[PDB]
Amino acid sequence: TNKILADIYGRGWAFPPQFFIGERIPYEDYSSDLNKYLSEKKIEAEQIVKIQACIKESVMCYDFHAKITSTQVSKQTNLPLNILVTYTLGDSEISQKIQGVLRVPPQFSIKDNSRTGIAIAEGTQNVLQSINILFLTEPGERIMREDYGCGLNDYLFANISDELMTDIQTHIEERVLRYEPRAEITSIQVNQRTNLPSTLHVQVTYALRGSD
Amino acid sequence: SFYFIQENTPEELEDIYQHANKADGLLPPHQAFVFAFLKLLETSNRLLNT
Amino acid sequence: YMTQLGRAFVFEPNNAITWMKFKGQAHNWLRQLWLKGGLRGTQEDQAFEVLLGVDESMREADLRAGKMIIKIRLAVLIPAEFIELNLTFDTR
Amino acid sequence: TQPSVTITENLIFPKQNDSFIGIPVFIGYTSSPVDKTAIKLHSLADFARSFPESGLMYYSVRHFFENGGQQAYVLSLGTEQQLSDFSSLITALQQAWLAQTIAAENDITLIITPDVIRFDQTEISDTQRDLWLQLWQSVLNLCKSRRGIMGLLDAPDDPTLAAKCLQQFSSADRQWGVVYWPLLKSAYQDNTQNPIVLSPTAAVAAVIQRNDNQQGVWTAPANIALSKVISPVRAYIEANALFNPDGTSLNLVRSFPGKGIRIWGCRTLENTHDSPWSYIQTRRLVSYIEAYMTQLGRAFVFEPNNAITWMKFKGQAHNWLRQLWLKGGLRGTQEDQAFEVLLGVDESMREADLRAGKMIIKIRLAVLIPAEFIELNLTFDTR
Amino acid sequence: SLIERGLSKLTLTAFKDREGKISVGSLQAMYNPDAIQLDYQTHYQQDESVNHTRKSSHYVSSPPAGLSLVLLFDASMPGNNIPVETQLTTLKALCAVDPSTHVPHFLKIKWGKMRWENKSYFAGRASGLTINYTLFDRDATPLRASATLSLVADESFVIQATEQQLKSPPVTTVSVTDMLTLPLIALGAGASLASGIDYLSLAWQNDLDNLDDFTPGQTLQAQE
Amino acid sequence: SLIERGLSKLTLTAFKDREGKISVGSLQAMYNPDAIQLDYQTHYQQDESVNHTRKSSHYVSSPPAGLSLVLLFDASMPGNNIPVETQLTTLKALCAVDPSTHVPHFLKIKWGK
Amino acid sequence: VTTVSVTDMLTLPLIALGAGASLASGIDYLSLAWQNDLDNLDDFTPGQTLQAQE
């Protein structure tokens with residue numbers, strides 16, 4: 001269901017920006033086809049299709065656009081197996097390689113730090129992160145976008161009173177309506193902390209567009 | 001190794017940049033960021049060359 | 001203000017009638033300030049209290065010494081220095 | 001660290017002053033050990049503050065709060081490592097400090113035991129039937145610790161075993177017991193992505209608490225759709241022996257096409273045909289009336305026992321009852337038909353009672369009957 | 001109240017544009033109005049047919065909502081030191097024609113916790129302003145005056161667009177429960193959609209293998 | 001009455017369509033109105049003839065029937081805990097223009113017998 | 001013609017908004033830069049004055 005939500009609400013960079021570089025592949029270790037190795041080691045031919053199905057399923061969870069083209073065995077693991085998987089993304093010509101561990105039902109595991117790129121937010125997390133960025137941005141900070149932002153700094157140092165709590169609640173409602181069409185605010189709660197009398201805690205509950 | 005993933009060369013990335021169709025929307029986002037920036041600088045380069 | 005109001009009662013007779021004159025006006029003024037948002041409290045007794053009497057705030061020794069003691073309690077407002085927002089998903 | 005606006009993941013827990021007629025208590029093994037007191041919860045956040053978010057108790061409480069619940073109590077019998085079998089749970093529910101803790105708390109009105117679902121139910125032997133009969137009696141004994149408390153009960157998963165339990169159950173506490181069937185497949189998923197099976201009593205308690213403020217304590221809490229429920233464990237076609245119009249019966253939980261999963265019963269365990277406590281809403285309405293008269297009566301303790309005092313009670317009691325009658329809470333087209341209050345030196349008492357220090361008030365009530373069956377007879381107009 | 005008991009005062013704010021990006025000025029009423037009237041009207045036209053005996057009427061454009069207030073200004077009693085002329089000058093300047101846009105300003109009315117039909121403000125433009133002077137000083141300084149103010153609603157286009165796509169989303173999502181059929185799912189999912197949905201279209205969008213290819217607890221989607 | 005003496009309350013329900021197949025919401029009045037008015041009108045056009053002295057008029061389209069109510073909302077007296085703003089917001093939203101059909105909702109008024 | 005004063009942490013789009021508020025048709029950051037003969041989009045210092053025409 002996470003795929004369905006991601007397609008409906010979109011996906012993009014995660015906030016705050018994060019970067020990863022995957023571990024280097026020791027290419028001088030994988031020079032033996034997986035199927036030929038399995039057949040040579042007198043493995044069952046009914047096992048092989050189960051083995052390949054396990055590889056395809058595990059890769060699909062890792063990246064559902066993948067299309068497996070090659071499979072190789074590490075020469076330092078001759079019956080815990082280390083596998084280098086080669087795949088192409090969709091119908092593109094771009095090819096990528098990924099390490100994996102196969103255990104003989106067969107089990108296939110992926111190396112942990114194998115992805116290089118950015119962190120992405122999908123579906124519900126994208127909308128939740130979107131509202132969070134709005135609260136932390138004040139108008140006039142964005143270049144050429146001098147109106148985007150919530151603008152809660154204007155209510156600091158004001159006396160904590162029913163007037164201030166009402167103003168904060170209504171201000172949040174108006175700005176989210178203007179700058180976040182994918183979310184619907186259902187309730188806003190403003191309370192004063194007992195241990196810190198000078199701080200206000202705001203509880204905001206949101207629902208997704210067309211969720212029900 | 002972050003801008004060029006694994007066994008990627010500038011020759012390969014340049015080919016993808018010239019032909020946007022051969023990625024069909026599956027290029028990694030950070031490399032698409034680089035391609036977008038290179039498109040921005042094309043206008044400045046064109047003005048200078050006059 | 002209470003200093004200015006108190007000055008009008010110096011060298012006055014130290015009896016119960018004088019105390020009521022001060023207590024009535026002091027209660028009047030503080031209440032007006034409370035209704036303007038200058039004091040914290042949803043009830044009048046929470047915002048302020050004025051005590052002035054021969055046994056509420058003084059003793060017979062204090063009257064002999066020529067003193068007049070008024071007890072005043074106040075509740076003040078707190079500024080909003082920090083605002084924290086916690087955003088959660090509606091479980092529906 | 002200057003004053004600023006910031007984003008936090010913390011939570012605040014302000015005091016709540018709201019009140020409800022029906023407040024359940026969850027009695028069972030929790031994730032972490034606690035003391036012998038009952039913890040009051042105002043939301044799911046309070047539960048996470050005291051216990052880790054795992055185990056059967058967590059999901060039962062979560063199911064309560066997502067079905068419209070607002071206030072609940074949790075009573076822990078120990079850590080989850082002490083779960084052994086069904087008979088041990090029955091022994092744990094029979095402990096002595098449970099009654100004192102429940103009685104000391106005046107907010108508790110319903111009793112729920114979520115841990116009855118854990119154990120195996122693959123044998124339909126008479127030993128299991130006796131075990132189930134013991135469990136119902138143990139819960140009902142907890143309800144007797146204070147007037148007004150009723151226990152929401154589970155039933156054996158196998159319909160044949162459940163029908164056996166209903167016929168052979170014997171107790172004088174039937175009017176305080178309500179049973180629901182079958183188990184429900186909740187919308188929550190565990191680590192293996194399998195749906196979590198929960199007892200219906202957790203969701204019914206939220207419905208009962210919600211229904212009191214919306215419709216009234218005199219309105220049957222049946223025919224209401226549940227939330228976060230995928231499907232009942234067994235279909236409605238397996239429960240044709242669980243409803244007896246002249247005997248013990250269950251309250252079925254059933255799904256309808258386009259109507260979702262709804263409660264389909266309002267009866268208690270009272271099997272007597274002429275008994276007045278055959279329905280849950282009737283038993284709750286009278287206890288709600290009893291609770292008010294208890295509160296009103298307390299104001300006249302240690303007061304002079306004369307005619308003036310009796311008029312003060314009779315005037316106010318007559319005043320409150322008529323206001324309930326005009327709201328549709330009592331049956332009758334005339335005021336004298338709906339209720340009557342008697343209090344006097346010869347109407348309800350004797351001079352001996354006055355000397356003993358007693359004050360006796362007689363109250364009569366007329367209640368409404370739910371519409372369980374509708375029959376339509378169709379005839380041709382002879383014209 | 002919850003914390004204090006201060007008296008909230010009505011406020012009038014003026015903007016050059018519809019979206020409220022360019023503030024012009026503001027005025028806080030020195031006396032709150034004791035009554036506020038909101039008016040909604042909507043017109044229908046009856047359907048005339050030569051072959052149908054049906055009785056029906058179809059909707060025609062509804063006039064914008066109206067608001068009415070009366071404000072009192074005084075400069076005679078103790079504590080009222082702000083001149084009446086200054087307040088009346090400010091009030092008219094906010095309701096007047098802007099020299100830059102050549103159209104009257106866009107106004108916002110705010111008063112405490114009062115909600116003007118689901119919003120904390122009434123967005124609109126002035127349609128009438130009557131000022132009655134009733135008391136003067138010896139030098140003709142006005143001491144008492146009452147202003148009758150009436151506005152007509154004129155909301156922002158961005159808020160209208162967001163609220164439109166919220167109650168009528170382009171894509172809706174439904175959860176499958178027990179004993180549900182595909183036509184029933186389409187009715188529930190298609191209720192929010194502008195044009196509804198049919199059971200065949202719903203099946204195609206979800207890539208169902210057949211008309212019963214779903215299980216309880218599954219989620220389905222429906223587009224326009 | 002025949003069984004009990006409960007006070008029936010006037011109810012207002014909204015629908016998107018004319019046949020009432022898609023419910024939108026409902027609102028139960030906290031105070032029943034003390035008066036209800038129903039208005040019926042129908043128009044006729046006189047017949048003019050150059051050779052007939054008959055006096056007659058023929059029926060022209062009649063305007064639809066009208067109904068009028070006055071509802072009171074209070075939140076100051078004891079026992080009135082539902083806020084006035086919430087009730088008024090619900091009442092207008094039932095009478096407003098539906099964002100999907102671009103026409104005002106279809107309403108149903110029921111009150112007891 | 002309107003005149004504006006440059007304060008701390010101001011950007012050219014921010015200056016154009018403040019200067020262009022009083023103007024009938026507003027002003028864009030490129031037009032404002034061209035009218036003031038700025039060498040670049042950040043070629044101003046606090047305390048300096050800028051002008052904006054129609």
Side-chain angles (χ1 to χ4, degrees), chain A residues 134-135 137-142 144-155 163 166-181 185 188, chain E residues 8-29 38 64-67 69 90-127 129 149-166, chain G residues 13-28:
Chain A
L134 185 68
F135 289 156
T137 310
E138 303 277 330
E141 287 193 315
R142 292 286 298 268
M144 306 275 334
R145 259 114 177 79
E146 265 71 38
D147 173 84
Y148 181 79
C150 203
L152 281 164
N153 265 14
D154 297 293
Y155 301 103
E163 182 89 271
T166 295
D167 286 24
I168 279 166
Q169 175 192 125
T170 61
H171 184 80
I172 290 169
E173 280 160 17
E174 204 234 357
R175 303 300 288 175
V176 175
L177 265 164
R178 187 172 305 266
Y179 280 116
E180 192 36 85
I185 299 297
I188 302 179
Chain E
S8 309
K9 287 282 160 117
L10 178 126
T11 323
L12 202 145
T13 326
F15 302 93
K16 258 158 171 162
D17 65 300
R18 180 171 249 114
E19 316 295 340
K21 309 302 217 33
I22 320 179
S23 193
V24 155
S26 183
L27 165 75
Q28 180 176 95
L38 270 167
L67 180 87
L69 310 113
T90 295
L91 173 60
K92 212 273 160 302
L94 302 189
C95 295
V97 164
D98 187 67
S100 325
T101 59
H102 302 131
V103 298
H105 300 119
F106 294 81
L107 307 174
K108 274 214 190 73
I109 316 283
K110 289 185 136 264
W111 188 14
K113 288 166 73 33
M114 165 90 169
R115 289 194 92 91
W116 322 75
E117 184 243 11
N118 201 10
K119 304 171 151 353
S120 34
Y121 57 90
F122 181 88
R125 291 210 275 209
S127 62
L129 178 64
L149 179 69
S150 79
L151 327 181
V152 282
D154 232 356
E155 268 98 48
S156 161
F157 289 158
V158 180
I159 310 290
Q160 286 184 73
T162 290
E163 271 164 339
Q164 226 269 359
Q165 59 104 56
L166 267 191
Chain G
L14 274 152
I15 295 173
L17 269 175
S22 211
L23 296 174
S25 41
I27 197 169
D28 40 293

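Naming convention: chains lettered A, B, ... in sequence-line order (proteins, then strands); numbering from 1 in each chain. As a basis for the values below, the full set of heavy atoms in this structure was taken, side chains included, without hydrogen atoms, waters or symmetry mates.
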Checklist outcome for this item: To the nearest 0.5 Å, atom CD1 of A:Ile168 lies from atom CG of A:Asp154 at 11.0 Å
Checklist entry - Does E:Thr13 have any side-chain hydrogen bond (donor to acceptor under 3.5 Å, both in side chains) partners at least two apart in sequence or in another chain, and if so, which? => result none
Checklist entry - Looking at residues at least two apart in the chain, or sitting in another chain, which of them share a side-chain hydrogen bond (donor to acceptor under 3.5 Å, both in side chains) with E:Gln165? => result A:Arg209
Checklist outcome for this item: Here the pair of heavy atoms bringing G:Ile27 nearest to G:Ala16 is CG2-O, 3.6 Å
Next on the checklist: How long is the straight-line distance from CD1 of A:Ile172 back to CZ of A:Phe135, given to the nearest 0.5 Å?
Outcome noted: 5.0 Å
Next on the checklist: Quick check for you: to the nearest 0.5 Å, what is the distance between E:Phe157 atom CZ and E:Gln164 atom CD?
Outcome noted: 13.5 Å
Item to check | Nearest heavy-atom neighbours spanning E:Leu10 and E:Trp111 | outcome: N-CD1, 3.7 Å
Next on the checklist: If we ignore hydrogens and angles and just use 3.5 Å, is the side chain of E:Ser23 paired with the main-chain N or O of E:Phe15 as donor and acceptor?
Outcome noted: no
Item to check | For the student: nearest non-hydrogen atoms of A:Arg178 and E:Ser156, plus distance | outcome: NH1-OG, 4.0 Å
Next on the checklist: Once side-chain hydrogen bond (donor to acceptor under 3.5 Å, both in side chains) is applied, do any residues pair with G:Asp28, and if so which ones, sequence neighbours excluded?
Outcome noted: G:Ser31
Item to check | Steps toward side chain to side chain contact (heavy atoms under 4.5 Å, CB included) verdict (E:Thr11, E:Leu27) | outcome: CA-CA 6 Å; E:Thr11 323; E:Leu27 165 75; over 6 Å; no
Next on the checklist: Please evaluate residues E:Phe106 and E:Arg125 with respect to the criterion side chain to side chain contact (heavy atoms under 4.5 Å, CB included), reporting the C-alpha separation (whole Å), side-chain torsions for both, the decisive distance (0.1 Å), and the verdict.
Outcome noted: CA-CA 5 Å; E:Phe106 294 81; E:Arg125 291 210 275 209; 3.2 Å; yes
Next on the checklist: Looking at E:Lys108, I want to see if its NZ is surrounded by more than 12 non-hydrogen atoms of other residues, nucleotides or ligands under 6.0 Å.
Outcome noted: yes
Item to check | Set of salt bridge (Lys or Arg N to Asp or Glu O under 4.0 Å) partners for A:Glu141, sequence neighbours left out | outcome: none
Checklist entry - Excluding sequence neighbours, so at least two apart, what forms side chain to side chain contact (heavy atoms under 4.5 Å, CB included) with E:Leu38? => result E:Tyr40, E:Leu67, E:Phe122
Next on the checklist: According to salt bridge (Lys or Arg N to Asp or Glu O under 4.0 Å), who are the partners of E:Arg18, at least two apart in sequence or on a separate chain?
Outcome noted: E:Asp154
Checklist entry - Residues two or more places apart in sequence or in another chain: which of them pass salt bridge (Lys or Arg N to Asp or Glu O under 4.0 Å) with E:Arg115? => result A:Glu173
Checklist entry - Between CG of A:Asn153 and CD of A:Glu138, what distance do you get to the nearest 0.5 Å? => result 3.5 Å
Checklist entry - Under the side-chain hydrogen bond (donor to acceptor under 3.5 Å, both in side chains) rule, what pairs show up with a residue in residues 94-106 of chain E, not counting sequence neighbours? => result E:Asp98-E:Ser100, E:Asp98-E:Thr101, E:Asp98-E:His105
Checklist entry - Given side chains that start at C-beta, do those of G:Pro13 and A:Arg145 come closer than 4.5 Å, heavy atoms only? => result no
Item to check | Counterpart residues, side chain to side chain contact (heavy atoms under 4.5 Å, CB included), relative to A:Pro139 (two or more places apart) | outcome: A:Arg175
Checklist entry - Any donor-acceptor pair under 3.5 Å linking the side chain of A:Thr166 with the backbone of E:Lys113? => result no
Next on the checklist: Going by side chain to side chain contact (heavy atoms under 4.5 Å, CB included), name the residues that satisfy it together with E:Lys9, two or more places apart in sequence or in a different chain.
Outcome noted: E:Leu7, E:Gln28, E:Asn32
Next on the checklist: Let me confirm one number: the CD1-CD distance from E:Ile159 to A:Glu174, rounded to the nearest 0.5 Å.
Outcome noted: 5.5 Å
Checklist entry - Of all residues at least two apart in sequence or in a different chain, which pass the side chain to side chain contact (heavy atoms under 4.5 Å, CB included) check with E:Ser120? => result A:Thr170, E:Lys110
Checklist entry - So, do E:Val97 and E:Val103 sit near enough that their side-chain heavy atoms are less than 4.5 Å apart? => result no
Next on the checklist: Nearest 0.5 angstrom please: E:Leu107 CG to E:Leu149 CG, how far?
Outcome noted: 7.5 Å
Checklist entry - Taking the side chain as C-beta and beyond, is there a heavy-atom pair between E:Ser8 and E:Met114 under 4.5 Å? => result no
Checklist entry - Within a strict 4.5 Å, meaning less than it, do heavy atoms of the E:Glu19 and A:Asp147 side chains meet? => result no
Checklist entry - Between A:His171 and A:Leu152, what is the shortest heavy-atom contact and its length? => result CD2-CD2, 4.2 Å
Next on the checklist: So, using side-chain hydrogen bond (donor to acceptor under 3.5 Å, both in side chains) as the criterion, who are the partners of E:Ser127 when residues are at least two apart?
Outcome noted: E:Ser150
